[PDB]
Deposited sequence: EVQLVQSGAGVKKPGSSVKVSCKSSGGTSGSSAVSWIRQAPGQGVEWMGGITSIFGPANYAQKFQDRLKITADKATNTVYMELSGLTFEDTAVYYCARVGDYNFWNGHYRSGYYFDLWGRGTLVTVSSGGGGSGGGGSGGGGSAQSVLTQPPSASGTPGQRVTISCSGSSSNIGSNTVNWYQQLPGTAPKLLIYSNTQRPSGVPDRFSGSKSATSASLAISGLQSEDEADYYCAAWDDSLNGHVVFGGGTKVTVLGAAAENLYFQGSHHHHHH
């Protein structure tokens, strides 16, 4: 129904700047953030609208080279990254913050990404601790840990994302334990003091994907932090052998 349509892929020479668009094509005011993912790497928050107070909020790493703008008239959000280096080759996604309609200055947002764009591959040519991998046999339960600090998990809700190959991450768990529509009761979340956990009960082959935990970090002017990503691997079923 509502979808985020991004601009096409591109090649930039080092030193130049790139402008990526993200147009909302559905039943419309939003809080779009920009997240990038380098080839074979984890997801990283660059900036976007995160408070009722300012026009935009940028991650420290990107403050100097990122410009985030919006055209309210056409429902289009832009991102401009300047002084490109070979390290800026990545897929850039725009994502909408779910609880934007609830923002009051007193309401603390969960910063969960409701809708994601399909991604834009830009190529340059001339904090949260998660285990790198998890595994289990079908039918079994696999648990992914996610430890952090008191500034992020200790003070905010944790959200989990599932990323299938060649697709944008998808919201799996929001506000610590909640599941969006479509997510089965097999997936469950939990949070205690500075750590969060995701349990995948009754493991299926279809669950083989990368899993990311995320939470709002109150350090500096605030920013969303992500885990490194856990590559869950589903092994062969126990019924494949009389011994197993």
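Undergrad: Counting from residue 1 of the deposited sequence, where are the gaps with no C-alpha coordinates?
TA: According to the deposited record, C-alpha coordinates are absent for 29-30, 129-146, 265-273, which together make up the missing parts.
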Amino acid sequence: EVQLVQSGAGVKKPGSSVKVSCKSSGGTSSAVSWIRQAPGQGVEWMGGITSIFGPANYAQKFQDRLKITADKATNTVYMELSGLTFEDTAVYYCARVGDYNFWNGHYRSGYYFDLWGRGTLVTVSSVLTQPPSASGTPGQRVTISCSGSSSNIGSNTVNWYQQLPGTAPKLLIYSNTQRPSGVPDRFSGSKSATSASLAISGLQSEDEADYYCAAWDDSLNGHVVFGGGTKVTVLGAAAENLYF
From here on, numbers count along this sequence of modelled residues.
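Undergrad: Can you let me know which of the two, 136-144 or 162-170, has the higher average C-alpha B-factor in the entry?
TA: According to the entry, 136-144 carries the higher average C-alpha B-factor.
Undergrad: Read off the CA B-factors in the entry, average them over 188-196 and over 49-57, and name the higher stretch.
TA: Per the deposited B-factors, the answer is 188-196.
Undergrad: Between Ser219, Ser33, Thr69, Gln37, which one tops the list for Cα B-factor in this entry?
TA: Highest CA B-factor of the listed options: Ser219.
Undergrad: What third of the chain, by the recorded C-alpha B-factor, contains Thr120?
TA: As the PDB entry reports it, the C-alpha B-factor of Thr120 lands in the lowest third of its chain.
Undergrad: Can you work out whether the C-alpha temperature factor of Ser109 puts it in the lowest, middle or highest third of the chain?
TA: Middle third of the chain for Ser109's C-alpha B-factor.
Undergrad: Sorting by Cα B-factor within the chain, modelled residues only, which third would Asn156 end up in: lowest, middle or highest?
TA: Its C-alpha B-factor belongs to the middle third of this chain's values.
Undergrad: Sorting by Cα B-factor within the chain, modelled residues only, which third would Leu203 end up in: lowest, middle or highest?
TA: It belongs to the middle third of the chain when residues are ordered by C-alpha B-factor.
Undergrad: Considering every modelled residue of the chain and its Cα B-factor in the PDB entry, is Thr74 in the lowest, middle or highest third?
TA: Ranked within chain, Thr74 CA B lands in the middle tercile.
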